[PDB]
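Engineer: Questions regarding the structure given below will be posed in turn.
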Amino acid sequence: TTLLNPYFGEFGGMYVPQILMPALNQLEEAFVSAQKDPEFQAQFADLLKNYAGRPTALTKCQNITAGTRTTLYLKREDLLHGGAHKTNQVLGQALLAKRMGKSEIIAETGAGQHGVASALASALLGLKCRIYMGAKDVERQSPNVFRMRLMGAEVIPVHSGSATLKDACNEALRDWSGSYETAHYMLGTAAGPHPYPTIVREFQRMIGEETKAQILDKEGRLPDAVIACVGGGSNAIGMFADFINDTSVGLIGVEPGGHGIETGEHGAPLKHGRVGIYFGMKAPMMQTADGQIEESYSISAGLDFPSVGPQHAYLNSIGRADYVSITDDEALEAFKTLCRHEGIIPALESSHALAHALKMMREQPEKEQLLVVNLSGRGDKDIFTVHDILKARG
Amino acid sequence: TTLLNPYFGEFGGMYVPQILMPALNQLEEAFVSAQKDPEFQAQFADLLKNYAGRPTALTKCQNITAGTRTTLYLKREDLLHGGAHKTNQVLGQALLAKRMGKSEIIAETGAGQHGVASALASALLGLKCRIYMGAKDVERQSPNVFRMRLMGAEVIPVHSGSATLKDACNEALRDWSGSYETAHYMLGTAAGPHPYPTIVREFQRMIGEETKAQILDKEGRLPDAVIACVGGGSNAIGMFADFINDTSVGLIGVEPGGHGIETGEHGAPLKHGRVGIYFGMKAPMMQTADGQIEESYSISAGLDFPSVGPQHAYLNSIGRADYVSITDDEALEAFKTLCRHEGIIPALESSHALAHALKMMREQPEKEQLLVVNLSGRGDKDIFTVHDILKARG
Amino acid sequence: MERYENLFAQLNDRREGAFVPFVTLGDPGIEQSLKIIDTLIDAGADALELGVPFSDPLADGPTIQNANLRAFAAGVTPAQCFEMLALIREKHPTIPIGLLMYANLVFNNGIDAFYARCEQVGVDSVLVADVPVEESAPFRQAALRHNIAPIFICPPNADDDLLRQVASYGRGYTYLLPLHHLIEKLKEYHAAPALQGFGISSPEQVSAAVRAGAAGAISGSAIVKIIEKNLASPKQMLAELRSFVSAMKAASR
Amino acid sequence: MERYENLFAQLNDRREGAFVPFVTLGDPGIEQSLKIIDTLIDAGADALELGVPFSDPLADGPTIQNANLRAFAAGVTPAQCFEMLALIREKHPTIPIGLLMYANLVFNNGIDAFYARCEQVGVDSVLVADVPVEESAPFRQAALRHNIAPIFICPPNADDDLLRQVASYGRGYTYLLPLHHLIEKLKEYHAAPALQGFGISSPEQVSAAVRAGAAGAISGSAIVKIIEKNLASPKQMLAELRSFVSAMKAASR
Ligand SMILES: Cc1ncc(COP(=O)(O)O)c(CN[C@@H](CO)C(=O)O)c1O
Ligand SMILES: Cc1ncc(COP(=O)(O)O)c(CN[C@@H](CO)C(=O)O)c1O
Ligand code: NA
Ligand code: NA
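This is the structure in structure tokens:
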């Protein structure tokens, strides 16, 4: 059986071949043990604070909300070591691997951010790290691939199937199935077979825990809503977890709407896909009518996971969180807006969350509302992309 | 006369055309006033903490010092908003411009980091910012130029003279001479005419002030030496200022030795140039025998200022600080070493400081020593450069 | 289910092992796949395990992965795979036919509906490769309601608790992946007869598995490599298949 | 110094203003520069202000910047500029010759040595463009020891304190950059005679500066534009120079 529930309502589970069961059970026991071990908690805290740079700032954006009754804070996960929130849970998961006595790490990555996080954590903590990434994604992420390798990680391109994230995801599970005795599979989002949706939440929840502390300090009350992008669901479950029992605080996840939901070219399975079973879980997925799994499209490379974490599916089903979508052009507009009015260049993944907050403000400019957007990463990595588009349109 | 001394021993001064005197005097009076104004200090602190992300971490590097008796901490200015220490003093200088009622900013930049800092501060604080940069440097810093412009700043290439930093420096002074009534010249290093070497120090000294607090907390005593790269001298005077009266703590500045001091192709005027008068100050400079000013060469673009701040020249003259040089290949080796053993990719400017600490450790591996290197910036921006070299050599 | 019981009872009376080849339906296209299958049965296959192509076979090695890509290059879909199974059954009424499925293709249009479609076309068993025993209840129940054997893998990292659940939940055969001991415990817990799987690619391993107490052997990818090597000559492909299968079958006697 | 006193005393007896053109030594090369200078004096220049090329003329506009780049394209150095000044003085013993220098070229080999070299070649004054009165003491003292006039700019943003220091420290002439008032205060503080500078590029501004009480006018870049426009024809360049200077000089009468 398991120590913790593997389901969030009907979603989640452990849909993996029998041979990987013991690996999962082992990971879950290690995790439950770590969570009660003051020493583990103190070592995690020490690396977050002294290596990664926690707590991150909560920044109030006054120029963007001028002339409206919206006050907007941005949670600055873009200032963590590595430039995204991915760094938090890699540290936690690497420390768990050590705790289980493992000495190698296996990771999958799409845009390359989680790949770089896993290669930095493994360089710091002395683990030998190999990283799988779709050939098509290696091709368009050379800077990320080379950082991984400067950091000592082996990057393995995956040419099977679509040569994108889901294929890297399968290869990583394939490898772990035969090496879990000395290797840990460092999954990069709050999705996949239990226990990963739980572990990743619990290793990202300092996001929301810090935001609550910092918004009470600066405004003396909780936010009306917290808003985050949802690719697999980790940054967002990390911002929402410590608010789930605060019933007045709205939780809004934003999926990429790509060229527009009507086009079909999007990455919004929670609201526009269909439940299926893949990547070790039951959850909403981009899939054909006959059940083949398909790619998610977005202008942002990091919102490419073609399904969503089970805990999101569950919090949508019971109406505690609301999920919306934002298209490429709306995200690009929010990216430009933050650069020019606040001097922060956001990842285009996080620009989806900002664009939705901007729509909340602009659509109802005299509604008084206190909103926090999770700025999951910095957007230095996206400048070429934005340059080219801006160049293809003038 | 002036309120504060414009000299550090024989170095420094106000060697500018008469027409810019009143601008300098005005800036110095504003500054002296700001420094006694609790409100100004509180607004600066608030932006450093909540926008820029201070205090930065002090990270202990245990894998790099293994098997030696050196303990090395790295001061993480690479985690400040913008990825370098330049952000600190731009905030202070922008707030001063506002205090003097100015609404435009003029800045010069070489590698583009100070250009990006000034364009972000001016986007946040509502100032209209134009930036001068040598044509040759615009040419090799397109990503930096485009970030400046996404942030709303006007970037002006400078084709006169060598088309590099010193020429941008002259153009910026030219412009200010005719616009100081509504524009502030936001100089990017601790050099130039008084009061700038003083202002920049005082707006970077939280570096050293935080390092002292954090090293006493973690080790219970002060460092044996603090080590920083020296291009114009700002990151280093910011790390050394709060230690100058702590006589046991060694201060070591590191200038780029380029291809090797013997080749002549370097950027180390403090120890290998000759005192001259240029850029509004008397200080050591790269110059020909007949007194024409020349460029500094380094593999790192940001150590290109062809002179050095006067306060460095003075602290070297009286033996309180020691200055050394590190070549391109030593800096590149330190860059690789930090990536693979600590998971931090440093700017190649800061890799000069690290390479000198690494030499202190390796040359005398049983000497017990506690060293802090100022990691002035992150080195995401240098990956292509390192890629190409590594590619030209295999 | 019944066809397995009939087959093993017949092999036990001839003191013979089963030899069960695996192939991907539709690889390298439908017509050639129908003919490969006919050849494996003419050559002596006692039962078949048939792959339905799925986009993300996270439980298959490279050989099979490539088999899927060839099948998808041919345009094959699960609805075509089920037309093929109906045809294959109308040709060979007694040979037990097993499917190797991914869970999403079973869950897609409703799990009970998938097993009702299996039953209508004449499938005898289904191994869902990414449903462990822990998650299998709706799969096994629907399988049983439509008289289809749910097959489970008994991994080498198996412990007692697992051996008991595989013995209680599985029917038709147990897919075995301390060989002699696992077998003895499965027999002790009255599990479905064990087929040794994985690695099986020469005659001497077939004889070895029968010697160890298994009811037979399954060759998980060797048939697939023969296809891959012979894509340029369909006639040489059939010839080597037949040759390979007659030799493995001979070894089970 | 003496040559200025002699010149202004002579212009005052003819109730005339000085006209003083500026050119960069060696632009566009040495031989052509010697000839431009001869032409400006033949045409009526009462004194000369001569630029030494320096890498980073942070106090010059674009016209002059380009003049330096042409001079450096020709290979000109300060040691060549001083050979040129010696030659120019051996040709024209009374015309006061002013240099417009950057501080680094004066400080380079020692400030007193620079002014001793000026004195030996026959220079009368030096304006150091980036030394304000606040920093000028070593420059003015060395200048005075070698009988060279230190010239200061009196900026439009000048206040009383400055006007008094420029009047006390300057000699030869004051470089003026409430026009009528500045002049009156300079006279009141017995400053060196004022030359109006900047902007001076037509005859009517020369007459205007004399009318306002200045002792004359200096044309800071107009001569330089004439060079730049005529680079392709050295003979047309001399002709327009002569024409331009005779007209400006005529206006001062
Ligand atoms: C800045 C940033 N913000 C958000 C996300 C989305 O992931 P999440 O929903 O798990 O937060 C990503 C993911 N990026 C993943 C998937 O491509 C990776 O392997 O890098 C991100 O990089
Ligand atoms: C990371 C980093 N570290 C160090 C320095 C050197 O400047 P300093 O000596 O003033 O600290 C620079 C300077 N860069 C300047 C000069 O090119 C600029 O205009 O960006 C830097 O960018
Ligand atoms: Na998704
Ligand atoms: Na320098």
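Residue numbers (the authors' numbering), protein chains in the order written: chain B, 2 to 395; chain B', 2 to 395; chain A, 1 to 177, 192 to 267; chain A', 1 to 177, 192 to 267. A prime marks a further copy of an entry chain. Beta carbons are placed, not taken as given, at the ideal position from N, Cα and C, and that holds for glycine.
Out of B:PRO23, B:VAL33, B:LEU21, B:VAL17, point me to the one whose CA is closest to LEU4 of chain B's CA.
Structural biologist: B:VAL33
Engineer: Taking Cβ-Cβ distances below 7 Å as the criterion, which residues of the stretch 3 to 15 of chain B are in contact with chain A?
Structural biologist: Per Cβ criterion, the list reads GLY14, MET15.
Engineer: Quick one: is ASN109 of chain A near chain B, going by C-beta distance under 9 Å?
Structural biologist: yes
Engineer: To the nearest angstrom, report how far apart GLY51 of chain A and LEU25 of chain A are at their CA atoms.
Structural biologist: Rounded to the nearest whole angstrom, the C-alpha separation of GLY51 of chain A and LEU25 of chain A is 6 Å.
Engineer: Measure from the alpha carbon of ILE300 of chain B' to the alpha carbon of each residue in B':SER352, B':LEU252, B':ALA214, then state which is nearest.
Structural biologist: B':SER352
Engineer: On the three-state DSSP scale, how would you describe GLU105 of chain B?
Structural biologist: strand
Engineer: Where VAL276 of chain B' and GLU78 of chain B' are concerned, what is the direct C-alpha to C-alpha distance, given to the nearest angstrom?
Structural biologist: Near 31 Å, if we compare the C-alpha coordinates of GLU78 of chain B' and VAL276 of chain B'.
Engineer: Can you tell me which of B:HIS86, B:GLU367, B:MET286 puts its alpha carbon nearest to the alpha carbon of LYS272 of chain B?
Structural biologist: Of the listed residues, the one whose Cα sits closest to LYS272 of chain B is B:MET286.
Engineer: Can you tell me where the beta strand (DSSP E) with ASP323 of chain B' in it begins and where it stops?
Structural biologist: Counted as a single uninterrupted DSSP element, the beta strand (DSSP E) harbouring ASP323 of chain B' occupies residues 322 to 328.
Engineer: Near ligand 3, which residues have their beta-carbon closer than 7 Å to a heavy atom?
Structural biologist: B:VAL231, B:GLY232, B:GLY233, B:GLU256, B:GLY268, B:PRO270, B:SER297, B:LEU304, B:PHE306, B:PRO307, B:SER308, B:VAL309
Engineer: Would you say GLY51 of chain A reaches chain B, if we count a Cβ-Cβ gap shorter than 9 Å as a contact?
Structural biologist: no
Engineer: In chain B, which residues lie less than 7 Å from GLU211 of chain B' when you measure between Cβ atoms?
Structural biologist: Simply none; closest approach about 13 Å.
Engineer: Figure out for me which residue from B:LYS283, B:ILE384, B:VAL250, B:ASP225 has the closest Cα to the Cα of residue 1 of chain B.
Structural biologist: Residue 1 of chain B is absent from the model: chain B starts at 2 and stops at 395.
Engineer: Just by C-beta distance, which residues in the stretch 294 to 305 of chain B are closer than 7 Å to chain A?
Structural biologist: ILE294
Engineer: Who are the neighbours of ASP291 of chain B on chain A, taking C-beta pairs under 9 Å?
Structural biologist: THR77, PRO78, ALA79, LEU105, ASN108, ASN109
Engineer: So if DSSP puts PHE12 of chain B in a beta bridge, which residue, or which two residues, is it bridged to?
Structural biologist: B:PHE9
Engineer: Looking at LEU176 of chain A' and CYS154 of chain A', is the spacing between their C-beta atoms short of 9 Å?
Structural biologist: yes
Engineer: Find the residues of chain B that neighbour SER55 of chain A, judging by a C-beta separation of less than 7 Å, and give them in chain order.
Structural biologist: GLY162, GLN293, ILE294
Engineer: Determine which residues share a DSSP beta bridge with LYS61 of chain B and list them.
Structural biologist: B:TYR74
Engineer: Less than 8 Å between the CB atoms is what I'm expecting for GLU155 of chain B' and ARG175 of chain B', so what's the real figure, rounded?
Structural biologist: Their Cβ separation, rounded to whole angstroms, is 16 Å, which puts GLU155 of chain B' and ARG175 of chain B' out of contact at 8 Å.
Engineer: Would you mind giving the Cβ-Cβ distance between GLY54 of chain B and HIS82 of chain B, rounded to the nearest angstrom? I have them listed as a contact below 8 Å.
Structural biologist: 5 Å
Engineer: How is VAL250 of chain B classed by DSSP in three states: helix, strand or coil?
Structural biologist: coil
Engineer: Going along chain A', which residues have a C-beta under 7 Å from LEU174 of chain B'?
Structural biologist: When 7 Å is used as the limit between beta carbons, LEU174 of chain B' is near these residues of chain A': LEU58, in chain order.
Engineer: Check distances from the C-beta atoms of the stretch 239 to 261 of chain A to those of chain B and list, in chain order, the residues that come in under 8 Å.
Structural biologist: none
Engineer: So the candidates are A':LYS243, A':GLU134, A':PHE139, A':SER247; which of them puts its Cα closest to the Cα of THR2 of chain B'?
Structural biologist: A':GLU134
Engineer: Are three or more beta carbon pairs between the stretch 117 to 126 of chain B and the stretch 85 to 95 of chain B nearer than 8 Å?
Structural biologist: yes
Engineer: Does DSSP classify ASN375 of chain B as helix, strand or coil?
Structural biologist: Three-state result, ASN375 of chain B: strand.
Engineer: Under a three-way DSSP split, which group does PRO347 of chain B' fall into?
Structural biologist: Reduced to three states, the DSSP call for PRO347 of chain B' is strand.
Engineer: Would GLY378 of chain B and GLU334 of chain B qualify as a contact pair, given that the criterion is a beta-carbon distance under 9 Å?
Structural biologist: no
Engineer: Can you find a C-beta in chain A that's less than 9 Å from the C-beta of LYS283 of chain B?
Structural biologist: yes
Engineer: Establish whether the CB of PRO144 of chain B' and some CB of chain B are separated by less than 9 Å.
Structural biologist: yes
Engineer: What's the gap between the Cα of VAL224 of chain A' and the Cα of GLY230 of chain A'?
Structural biologist: 6 Å
Engineer: Say the cut is 8 Å; is the CB of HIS185 of chain B nearer than that to a heavy atom of ligand 1?
Structural biologist: no
Engineer: Would you call the CB atoms of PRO62 of chain A and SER163 of chain B closer than 9 Å?
Structural biologist: no
Engineer: Whole angstroms are fine: how far does the CA of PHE12 of chain B sit from the CA of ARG3 of chain A?
Structural biologist: If you take the alpha carbons of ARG3 of chain A and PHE12 of chain B, they lie about 36 Å apart.
Engineer: Out of curiosity, what's the CA-to-CA distance linking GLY310 of chain B and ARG145 of chain A?
Structural biologist: 32 Å
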